[PDB]
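Below, in C-alpha cells: the form deposited in one PDB entry, a single chain.
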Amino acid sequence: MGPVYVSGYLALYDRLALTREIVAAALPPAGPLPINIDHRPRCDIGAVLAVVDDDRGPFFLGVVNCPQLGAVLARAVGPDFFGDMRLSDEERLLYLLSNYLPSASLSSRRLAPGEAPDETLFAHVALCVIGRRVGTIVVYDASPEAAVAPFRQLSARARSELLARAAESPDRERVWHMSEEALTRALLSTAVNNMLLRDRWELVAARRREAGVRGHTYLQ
C-alpha cells in the first residue's frame, strides 16, 4: 500500500548531454526535485528522494504517491487489460506505470552564455507518457531497493549512498493529490494508435535491454 518507487540514470557519461563537470556543479540540488507527468506544472505526483553521481552518470531514486493516478491510468488503458489476473491496486499501478510511463526526462534550465551551472540547474523529473519520443529508461517497484535492483551496473558506493540519502528525504512520506480531470488531461496521450504503441513498446524493450535492465514481473 501507498508509495511506489522509480529509478534510473538521468543521463549516461560518454553515451541532452550532461558532462561530469556539469553534474558535479548541479548536485546536490537546491531543493528536492518534483516528479510530474510530461513537464506539466500543477501536475506533481511525486518527488526525487535522491540523486547520486555514479561513475556511469547521474542516477535518481524517486517516490510516486498519487492516490488518483492508478484509476485514471486504468480507465485510460481500459477494461480488458488485466484479464483474469488477481492483483492489488499497488500492483496494478506498477504494471500501468511500467507500460505507459516507461521513461523519464530530466528538466534542466537553459543557461545564458557565461552563466555557470549551480545547484538550481535541475528543476524536476518528468515521467513521460508513451509517445512519438521516449526518454531515459526507468524501473518501477514496490520498495526503493527493488526499484534500483535491476540496475546491476550501478556502483556499490552509489547504490548505498542513494538508498541512505533517500531513507532520510523529507518527501518520503508525502502524498500528492490531483484531480481526476487534471490527471486525465495529462494522461490523454495513452489514447493514440496501436501503430504508435507497438512501435514504441519495441523501442522501449530495446532500450531497456541496452540499459541492462531485465525482469519478468514489470519488466521483460
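By rigid core we mean the largest C-alpha set that fits within 1.5 Å across both forms. For every residue, the number given is its place in the sequence shown, counted from 1.
The protein also exists as the form deposited in another entry; that form is not presented, and the subsequent description refers to it.
- Following superposition on the rigid core between the shown form and the other one, the residue from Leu121, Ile130, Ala104, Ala146 with a C-alpha displacement of 2 angstroms or more is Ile130, and no other.
- Once both forms are overlaid on the rigid core, the distance between the two CA positions of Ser189 between the shown form and the other one is 2 angstroms or more.
- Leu93 shows a C-alpha shift below 2 Å between the shown form and the other one [criterion: core-superposed Cα displacement of 2 Å].
- CA of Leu94 to CA of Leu197: farther apart by 3 Å or more in the other entry than in the shown form.
- Here's the thing about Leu188 and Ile130: their CA atoms end up at least 3 Å farther apart in the other entry than they are in this form.
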